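Participant:
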Ligand SMILES: CCCCCCCCCCCCC/C=C/[C@H](O)[C@H](N)CO
Ligand SMILES: CCCCCCCCCCCCC/C=C/[C@H](O)[C@H](N)CO
Ligand SMILES: *[C@@H]1O[C@H](CO)[C@@H](O)[C@H](O)[C@H]1NC(C)=O
Ligand SMILES: *[C@@H]1O[C@H](CO)[C@@H](O)[C@H](O)[C@H]1NC(C)=O
Ligand SMILES: *[C@@H]1O[C@H](CO)[C@@H](O)[C@H](O)[C@H]1NC(C)=O
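Residue numbers (this note's numbering), protein chains in the order written: chain F, 7 to 278; chain V, 7 to 278; chain R, 43 to 90; chain W, 37 to 80; chain Z, 37 to 80; chain C, 106 to 351; chain B, 106 to 351; chain A, 2 to 294.
1) Measuring alpha carbon to alpha carbon, tell me which residue in 63(W), 42(W), 64(W) and 52(W) is nearest residue 239(V).
2) Could you check what DSSP says for residue 121(A) in three-state terms: helix, strand or coil?
3) Return the residues of the region 63-88 of chain R that lie within a Cβ-Cβ distance of less than 8 Å from chain B, sorted by chain order.
4) Any chance the CB of residue 218(F) is under 7 Å from a heavy atom of ligand 1?
5) In chain F, what lies closer than 9 Å to residue 38(Z) by C-beta?
6) So does residue 31(A) have its beta carbon nearer than 7 Å to some heavy atom of ligand 4?
7) Given that residue 154(C) touches chain B, what residues does it touch there, using C-beta distances under 9 Å?
8) Can you tell me whether residue 198(A) is helix, strand or coil according to DSSP?
9) How would you list, in chain order, the residues of chain W whose beta-carbon sits under 7 Å from the beta-carbon of residue 276(C)?
10) Run through chain A and tell me which residues come within less than 8 Å of residue 263(V), C-beta to C-beta.
11) Identify, in the order they occur along the chain, each residue of the same chain with its Cβ nearer than 6 Å to the Cβ of residue 333(C), setting aside the five sequence neighbours on each side.
12) Report the rounded CA-to-CA distance for residue 195(A) versus residue 291(A), giving the unit in angstroms.
13) Residues in the same chain with beta-carbon distance under 6 Å from residue 232(V), minus the five sequence neighbours each way, listed in chain order, please.
14) The beta strand (DSSP E) spanning residue 64(F) covers which residue range?
15) Assuming residue 59(A) and residue 38(A) are in contact, meaning their beta carbons sit under 8 Å apart, how far apart are those beta carbons, in whole angstroms?
16) For the region 110-130 of chain F, which residues have a CB atom closer than 7 Å to at least one CB atom of chain V, in sequence order?
17) Specify, as a first and last residue, the run of the alpha helix (DSSP H) that residue 47(R) falls within.
18) Cβ closer than 9 Å: which chain R residues qualify as neighbours of residue 139(V)?
19) Tell me the rounded alpha-carbon separation between residue 269(A) and residue 131(A).
20) Ligand 7 and residue 267(A): does the residue's C-beta get closer than 7 Å to at least one heavy atom of that ligand?
21) Suppose you measure from the CA of residue 44(V) to the CA of residue 282(C); what does that come to, to the nearest Å?
22) Quick one: list the residues of chain V neighbouring residue 112(A), beta-carbon separation under 7 Å, in chain order.
23) With a floor of 3 residues, list each beta strand (DSSP E) that falls wholly inside the region 173-260 of chain V, ordered by position along the chain.
24) Specify the secondary structure class of residue 278(C) as computed by DSSP and reduced to three states.
25) Buried or exposed for residue 76(R), going by 16 or more other Cβ atoms inside 10 Å?
26) For the region 106-125 of chain C, which residues have a beta carbon sitting closer than 8 Å to at least one beta carbon of chain W?
27) Counting along the chain, where does the beta strand (DSSP E) carrying residue 100(V) start and finish?
28) Which residue wins for smallest C-alpha separation from residue 268(V), given the options 256(C), 270(C) and 260(C)?
29) From what residue to what residue does the alpha helix (DSSP H) around residue 163(B) run?
30) How about residue 250(A): is its Cβ closer than 7 Å to a heavy atom in ligand 5?
31) How long is the line joining the alpha carbons of residue 244(C) and residue 343(C), rounded to whole angstroms?
32) Is residue 157(F) near ligand 1 - that is, is its Cβ less than 7 Å away from at least one heavy atom of it?
33) Is the beta carbon of residue 125(V) within less than 7 Å of some heavy atom of ligand 4?
34) Please determine whether the Cβ atom of residue 4(F) lies at a distance below 7 Å from any heavy atom of ligand 1.
35) Can you tell me where the beta strand (DSSP E) with residue 180(A) in it begins and where it stops?
36) Can you have a look at residue 238(A) and say buried or exposed, based on whether 16 or more other CB atoms are within 10 angstroms of its CB?
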């Protein structure tokens, strides 16, 4: 259907037996009472489109995902800057994605790198994706930066932002943002269940970045990750969270200081 | 018709009854007296084109629309620079567009950004379009600049000017530059009717712009908006304004100090 | 409601809406109620 | 010579389409009900 | 207007494919076994 | 057989002796709203005998130092009769109009009148101030004059900054006292929306401006009234609710 | 499938749980006036969406010492909404009516109501004086109570000298609190003239009289309201003129 | 205090700059023959117009303003941000970002929204602070944290109201603050030195207003009064000052009486009375008092 719905011409009824406005809500179903079984309507040929409300047009937005700092000092230097790939770091795309239970999609990661004061000097960077199980690079001159049997992107700061496409690589058939279980067997404590809700089917490796040079470069870069979902399929729709987020991998909320879903009114017998 | 009009060969008439030069103007119609019903003409095959005088070739000009200042200071800074999208700020395109009552078109907005002294340094800008109803960004480091579920353009100063295409997004079926009414109900005053002529069907959101950096950038930019109309349809042609403009959303003119539509002559019985 | 949040993600809506009431009183309690929708215009009606 | 080719799924992002040579001038010049002939007195 | 052309051997690196207009709303609105008629009492 | 005409709408009739041809605005007849262009779901009402008739307004004495008068037509019949009552109770409105302006004189008077309609005739404030708080704006009695009417201050600029000379593009008619004594214009519904409120939005407005001044010799009659009659053709109303005045 | 019913007229709907069968008065449906029986020449108007809808009046608390209430139906909707406005501007009127009286209670209350219509329900004065100047006559608020209603003084004689017992010949319905909570009557246009003024002539009138008194044990609810809803089916209006109040 | 009106209509200051930090100088009111507000047109005051370049308000604007020099870039007039121009009862303007508001309480929108209608809306529900923005808003609340979004300039929040056109109703995304005690009808006053306004002070006072303002100080020697603003165009409505010990009248001032600007009275239980009429109403009073211990 390319349009929403057309309206049939209706009229009045004067007869017993037909009750379309007495739909019982105790059955768990939604009231199917239309306008034609009610106040007299007319013939309207609606041609309003429904294409924008689809899932592929709703999840085709990039949004901010990760912010990675790279100081590259001279005396307190590290060289590299890894970033665990997770979507729960910023509450916008998290709120947009946690309204479903199971999802399956592809990615269009984009990397925007700027300096501290803001300046595009021609410094070439190396963006490395470390899959889960591969060793992480330790140092700006490590052995792992050879990128043999490992995908990496070489780009400068004066160049346009890099953009790669990422397939679906979870060992399960779909992702999940809510895991009602435990990752392994054993006795689970009563004090602090810090492993509850953890899903090993979402650890998508680690993302590292360094500056390709010989000695050093006294510059503090700041990379931003923009992930565009595509080819997305969602299952089991879940309600939208009404409480402020507190942690990344845990949906914890405030016991006291609760936020009501609707703001307060003057009286119940007042519309304004 | 690809040409203007051809002329039929004519001759003289000596007979009573036929009066083609006595077209009455009291009926409200235009005199349809041709040259062939008058002084003896010849056969001319005119091949002058009429393509340039069409509406799509008349409104296919960019013109200046908006000028947005961005100081980005260090002590009296704001960071952002919003611009209400309206066409009444410069009288050239306004005079060209207010010769019709109802219009419907698309846009080809183009942004030319220069510095105060004039210089193209490689500073990346962020052009944001805020639709009507969305929150406006307050600060160069605000939450709204994430541009999730919001279109934005990232471009530098050394790059060519950005250019996007904008569809027809008025809730009515066409735009209007003259609204003979009031936006809401209620009692209207006699002192200052500041809401008369206001049309809510023309508020096309707000346009914002900032400098993508971390700390600051002591530079005063100045952006210019060039909007090219395309796919335009106009209704109910209106006369062209002969008085100088005074306000943006109001066609106010000077009561005293009136400008005549034609300049003065020496005498009426004199052509020069 | 969920429809309110979905309409909050967008900026323009159309089409008809449905509001469904449900009485959760006793079985022996009876009564009649008047649910009246009014188009735009003046403020909330004062009387029935 | 081909400018009728679009590069996107949306239709409003194209260029000027085929020009229309339609010119109805009689809805502004003679908006009258009784069709006044060319060789006649407009009022009798 | 052609965006169905891929430039690589892999299929996940393409753009949004043909849109599907499928809308099954009855699996959420009426998840009942006895099909409730439109003009009838839901319980008898 | 062209100078005489009898227009009949409802239970009213207008006979004429000195008439030009009737004017049909933009070559389109006023009809009902089709289902393709309509957007409301509720069924609109159509009296077709109680609101579709000739309503006669007051008469204005055409003097020698007269500038001109104008009207907001969906706002003049906002309180007069079944049409006004039916328009106060409803939220939506869509109709055309049939006009007739009467101005008779002898064969010894001279003068000419320009009667025309202007869609979205916006009244402009008169002043040379650009500060937002002191910029002059017209009052409610100036924007919507009601059944009485309003006069022009600068009729050369139509009180809107647009010259009167170029106002011949509109559906117009002349009243030349040596040719005819009436003018007739039939205008359809002209708006960018199918239906609209007939209380806070006037679609168009009549204007009468004497281009040639009224002249006569001492001894003839001196009271020359200007009478106007309006027929709201093909009226529709929707959104029945409480009656509001303004 | 008989105890449930949803009546839809215009943009209103009435749902029910405890209902008897709907009553059609005299077996005749309310329709439009045919050309054979009509007598006026002007064309009548038919909104059919703006006046044909359920209008809800006020609620009256059914006490234990209650006598009863009554109404003049072409005079109750004389000032409420588009129907009242359209009836003030017109001289002629002809329509049927659809009624619905709501009165709910628990399964521990007992009582019965007799709701019926009486064509030409004439209110009689109460007194034993035969002199013409002192013979008691009912006031205007007693003959035409308006949207509020009037109470009975002697409901055993229907305030007209006719016994309540014999009032079962009229189109009637019972509201027994153990059986149902509503009553529905559909009455057509009943008059000896095709059209008639809806201002100085009421065709019929509803009356509600509690035959069995309201009884309950100490501990239950005590406020039992009486709500009435009316739908002016198949309305016609003619003779458009100035609006008169009464 | 220098301004006792909601728009600074009576501000006789020595400010010849538009702002103290980051401002441009104002032009003189006698060298302004180009503009319709100069001393060649308005002699003998008329809002305050001499041979100075001070920030005045002769046109009945929402804030005092001067003439700045035109630098061929549009603006030829700027609002003056006077630090000492705030009526007692005006806390200032603040920023408004989103769903957590500065004022957590009731909200109300109307097409006729003045200062006193919003103050009365927040007062009829026993709220401590009122608030409005963008011309159509009324935010009530009792929270002390209303500066959570920052302090805004006074010239930034000069959007005109919808009901009246001489009052600033905040701005777009900027809320202006007001306490609910202003314009009220009576109240137990126990502060050291506060101001008492007439009923409906930002508006004109209503017809038939009568109330009792009570002032008690726990141990003050004698109290000092003042009359900054007084504008009555009638002789039927009038103000009184009474002592409630033996219930006798101290002084009776009306429209035909010019009250002295300052006097002492050796009392500690003064009560104020205001009997209005239903014929003529122009403006109220701004009685400031002071108790010395
Ligand atoms: C060459 C550098 C590429 C940088 C991007 C890394 C490629 C792998 C990305 C996998 C996409 C995973 C998207 C989200 C996965 C899980 O749901 C999250 N980790 C949990 O929220
Ligand atoms: C990504 C930045 C895009 C910047 C352009 C904003 C897109 C929306 C533009 C809408 C086009 C509206 C053209 C004119 C509309 C109304 O007639 C005017 N506001 C009133 O004159
Ligand atoms: C403002 O007035 C003071 C008065 O003491 C004067 O010293 C100063 O020069 C004046 N400044 C300007 C800009 O007029
Ligand atoms: C305006 O007044 C000032 C102060 O008295 C004076 O210096 C100046 O010359 C005056 N300007 C004119 C044009 O009189
Ligand atoms: C009242 O007494 C005080 C002493 O505290 C004095 O300052 C003030 O001037 C006196 N008022 C008058 C009018 O003398």
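Idealized CB from N, CA, C, for every residue including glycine.
Facilitator: In short, the structure shows the following:
1) Along the second chain, one-based indexing puts residue 239(V) at 233. Comparing Cα-Cα distances from residue 239(V) to each of 63(W), 42(W), 64(W) and 52(W), the minimum goes to 52(W).
2) Taking the first residue of the eighth chain as position 1, residue 121(A) is located at position 120. In the three-state DSSP reduction, residue 121(A) falls in the helix class (H, G or I).
3) Taking 8 Å as the Cβ-Cβ cut-off against chain B, the residues of the region 63-88 of chain R that qualify are 68, 69, 70, 71, 72, 73, 74, 76, 78 and 79.
4) What you label residue 218(F) is simply residue 212 of the first chain in a count that begins at 1. Because no heavy atom of ligand 1 lies under 7 Å away, the Cβ of residue 218(F) does not count as near it: no.
5) Against the fifth chain, residue 38(Z) aligns to sequence position 2. Neighbours of residue 38(Z) on chain F: none; closest Cβ ~18 Å, over 9 Å.
6) By one-based count along the eighth chain, residue 31(A) stands at place 30. At least one heavy atom of ligand 4 falls within 7 Å of the beta-carbon of residue 31(A).
7) Mapped onto the sixth chain, residue 154(C) falls at position 49. 147, 148, 149, 150, 343 and 345, listed in chain order.
8) Here residue 198(A) refers to the residue found at position 197 of the eighth chain. Reduced to three states, the DSSP call for residue 198(A) is strand.
9) One-based indexing of the sixth chain puts residue 276(C) at position 171. What residue 276(C) touches in chain W: 67.
10) Within the second chain, numbered from 1, the residue matching residue 263(V) stands at position 257. For residue 263(V), none of the residues of chain A pass the 8 Å Cβ criterion, the least Cβ distance being about 13 Å.
11) Along the sixth chain, read from residue 1 onward, the residue named residue 333(C) stands at position 228. Cβ within range, chain order: 162 and 206.
12) Mapped onto the eighth chain, residue 195(A) falls at position 194. Mapped onto the eighth chain, residue 291(A) falls at position 290. Roughly 7 Å separates the two Cα atoms.
13) As a working note, residue 232(V) is residue 226 in the second chain. For residue 232(V), same chain residues with a beta-carbon under 6 Å away, outside a window of 5 residues either side, are 68 and 116 in chain order.
14) Position 58 of the first chain, counted from the start, is the residue given in the question as residue 64(F). In the DSSP assignment, residue 64(F) falls outside any beta strand (DSSP E) and within the unbroken alpha helix (DSSP H) covering 61-64.
15) Residue mapping note: residue 59(A) aligns to position 58 of the eighth chain, counting from 1. Residue mapping note: residue 38(A) aligns to position 37 of the eighth chain, counting from 1. Contact holds; Cβ gap of about 5 Å.
16) For the region 110-130 of chain F, the beta-carbon criterion of a distance under 7 Å to any beta-carbon of chain V is satisfied by 120, 122, 123, 124 and 126.
17) Counting from 1 along the third chain, the entry for residue 47(R) is found at position 5. 44-51 is the extent of the alpha helix (DSSP H) around residue 47(R).
18) Numbered from 1 along the second chain, position 133 holds the residue referred to as residue 139(V). Those are 53 and 54, listed as they occur along chain R.
19) Your numbering for residue 269(A) matches position 268 in the eighth chain. Your numbering for residue 131(A) matches position 130 in the eighth chain. The alpha-carbon atoms of residue 269(A) and residue 131(A) are separated by roughly 31 Å.
20) You won't find ligand 7 in this model; what it holds is ligand 1, ligand 2, ligand 3, ligand 4 and ligand 5.
21) As a working mapping, residue 44(V) is identified with position 38 in the second chain. As a working mapping, residue 282(C) is identified with position 177 in the sixth chain. Each residue's Cα considered, the two are about 29 Å apart.
22) Taking the eighth chain and counting its residues from 1, the one referred to as residue 112(A) is at position 111. Correct list: 190 and 192.
23) Secondary structure remark: continuous beta strand (DSSP E) runs of at least 3 residues inside the region 173-260 of chain V, in chain order: 212-217, 227-232 and 236-243.
24) Along the sixth chain, one-based indexing puts residue 278(C) at 173. Residue 278(C) falls in the strand class under three-state DSSP.
25) The sequence position of residue 76(R) within the third chain is 34, counting from 1. Around the Cβ of residue 76(R), a 10 Å sphere holds fewer than 16 other Cβ atoms; the residue is exposed.
26) Against chain W - using a Cβ distance shorter than 8 Å - the residues of the region 106-125 of chain C are 106, 107, 108 and 125.
27) One-based indexing of the second chain puts residue 100(V) at position 94. According to the DSSP assignment, residue 100(V) belongs to no beta strand (DSSP E) but to the alpha helix (DSSP H) extending over 97-103.
28) Position 262 of the second chain, counted from the start, is the residue given in the question as residue 268(V). Residue 270(C) is the option with its Cα nearest to residue 268(V).
29) Position 58 of the seventh chain, counted from the start, is the residue given in the question as residue 163(B). Boundaries for residue 163(B): no alpha helix (DSSP H) harbours it, while the beta strand (DSSP E) harbouring it runs 160-166, taken from the DSSP string.
30) To locate residue 250(A), count along the eighth chain from 1; it is residue 249. Answer for residue 250(A): no, Cβ out of range of ligand 5.
31) For the purposes of this step, residue 244(C) is taken as residue 139 along the sixth chain, with counting starting at 1. For the purposes of this step, residue 343(C) is taken as residue 238 along the sixth chain, with counting starting at 1. Between residue 244(C) and residue 343(C), the C-alpha separation is close to 29 Å.
32) If you number the first chain from 1, residue 157(F) lands on position 151. Annotation for residue 157(F) indicates a beta carbon within 7 Å of some heavy atom of ligand 1.
33) Here residue 125(V) refers to the residue found at position 119 of the second chain. False, no ligand heavy atom lies under 7 Å from that Cβ.
34) Examination of residue 4(F) is not possible in this model, given that chain F is present from 7 through 278 alone.
35) In the eighth chain, residue 180(A) corresponds to position 179, counting from 1. Residues 175-180.
36) In the eighth chain, the residue the question calls residue 238(A) occupies position 237. Of the residues assessed, residue 238(A) falls on the buried side of the cut-off, its CB having 16 or more other CB atoms within 10 angstroms.
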